[PDB]
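In the form deposited in one PDB entry, a lone chain appears below as structure tokens.
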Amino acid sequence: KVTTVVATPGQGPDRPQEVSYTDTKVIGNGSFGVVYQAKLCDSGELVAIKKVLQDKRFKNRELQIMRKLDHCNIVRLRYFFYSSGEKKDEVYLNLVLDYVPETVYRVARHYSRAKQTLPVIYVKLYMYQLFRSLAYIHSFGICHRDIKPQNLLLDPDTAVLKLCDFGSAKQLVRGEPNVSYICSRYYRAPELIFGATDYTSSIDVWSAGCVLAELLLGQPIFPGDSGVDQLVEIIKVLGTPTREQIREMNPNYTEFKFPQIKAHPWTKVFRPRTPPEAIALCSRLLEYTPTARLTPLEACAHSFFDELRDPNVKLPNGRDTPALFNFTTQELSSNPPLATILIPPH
């Protein structure tokens, strides 16, 4: 019935408290372990509890990263605690996160199975908030490395998006190599596909670009069950990466045989109804050269999102838009003058 734990609050000083929850249901499995849902007895609030085997030598990287994240577009770590259950003698870490009822993945698939497109206002809202969460985590040097629709939480009532699953997230340090095999099918940046170990946070941006494209197309823009098929799909849109473009990602994948194809016009990729600002944003996200891709903040400032900056804009359900402008010094640090655009007169 009721489970009572002594859990450490995610934020502030390490001062644990007796927390009680009930109504436990499984809502997710994964290589990481299990995600439960539960109801706090104190507030009646719903939480997701992510339970992962804790081993054993060092501190859990995900926990360390989530404890220092505080942002309206990032899933909130309310508590964490340790327990048993399964394995025995092996210890588990439980992350107690504020529950969010939907995902971009589930919402997009509703539209896709109805053979309809998500209305562009939602694309703008969701994409903008995704780029904020990225601008934020990148300001600490943290790369998410698994940006995909299922890791994008939504409250359908308020249209707030929250980035989750920091299971793959890492603090990227120049010159310290990182595993190339992160990030999920369709959303992998071409340098990851080429197995680069010196990649940057701009892989998060490529993935976001793939998410944007998918929301406009109603299906993944770069499908394929292997790297070589994805790469073909990318080359069909972007053209063949030059010897230099290859070099800017390549562990020398120069000299290899790539299908030669000229850059297909980006306007021809989407429905004719698709706003040009949407397409222009895509072509600035999905670039071969990682440094040529927009930074998350610059993307927030893109003209595609101007409607979000209209004082008269409202949600289709009649309510107001979430707080889109409460930028901090931290968030703006990669380009402070962009504040002129990011924060509208109201």
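Residues that one form lacks are left out of the comparison. Rigid core here is just the name for the largest C-alpha set that superposes within 1.5 Å across the two forms. The first residue of the sequence shown is number 1, and the count goes up from there.
Below, we turn to the form solved in complex with a partner chain, even though it does not appear here.
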Next on the checklist: Given the stretches 234 to 242, 132 to 140, 76 to 84, 200 to 208, which is the single one in contact with its partner chain in the entry with it bound, using a heavy atom cutoff of 4.5 Å?
Outcome noted: 234 to 242
Checklist entry - Taking the shortest heavy atom distance, is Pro119 within 4.5 Å of its partner chain in the entry with it bound? => result no
Checklist entry - With the cut-off set at 4.5 Å between non-hydrogen atoms, does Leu172 touch its partner chain in the entry with it bound? => result no
Checklist entry - Would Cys72 sit within 4.5 Å of its partner chain in the entry with it bound, counting heavy atoms only? => result no
Next on the checklist: Residue-level question: is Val160 within 4.5 Å of its partner chain in the entry with it bound, judged on heavy atoms?
Outcome noted: no
Item to check | Residue from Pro101, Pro177, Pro259, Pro223 whose Cα, after superposing the rigid core, lies 2 Å or more away between this form and the one not shown | outcome: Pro259
Item to check | Mobile segments between this form and the one not shown [3+ consecutive residues, each C-alpha shifted 2 angstroms or more, core superposed] | outcome: 55 to 57, 87 to 89, 253 to 259
